[PDB]
C-alpha cells in the first residue's frame, strides 16, 4: 500500500483562519480580497467532504488556543487534517491580528507524538502569506 487511507468515516477537519483586519498597533494593512479566498476555500473543501470551520480575525493567542483545542480532539474516525492560514507573514511566521505566531509553534500541536489521533494520516497546511519581501521579476 502506497496511498493514504482516505476511506475513514469522514474526510476530516478543514480549519480556515482568515485574518483580514489587524490591530492598528501592528501597522498591518487590511488584507482585502481574502474574504473571497475564504469563501472559495470553504466551498471547495466542502465539496471535498471536509468539515469546514472558518475563523476570522483571530489574535495570536486565539490562533494557538485554537490549534491546541483542535489537536486535542479525537480524529480517530477522520482521514486527514487540513489547515488554511490566510494572513500577513514572513518566513516561518504568520500574523495573528495582534502579533506574529511562528509556524512551528502551531504545527507542533499536530506532530506524531502530540496528536496521536492523526499519526500516520496526512496533515496539510495551506498558507497564503508572504514569506518575506523579495520580488520575482520573471524572465522571458
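Positions refer to the first chain, counted from 1.
Pick between 95 to 103 and 78 to 86: the one whose mean CA B-factor in the entry is higher. Taking the mean B-factor of the alpha carbons in each, 95 to 103 is higher.
Select between 1 to 9 and 129 to 137 the stretch whose C-alpha atoms have the higher average B-factor in the entry. Stretch with the greater average CA B-factor: 1 to 9.
Residue of maximum C-alpha B factor among 113, 69, 43, 61, per deposited coordinates: If I rank 113, 69, 43, 61 by C-alpha B-factor, first place goes to 113.
Please place residue 47 in the lowest, middle or highest third of its chain by C-alpha B factor as given in the entry. Its C-alpha B-factor, which the entry lists for residue 47, ranks in the lowest third among residues of this chain.
Where does residue 18 sit by CA temperature factor within its chain: lowest, middle or highest third? For residue 18, whose C-alpha B-factor we compare with every modelled residue in the chain, the answer is the middle third.
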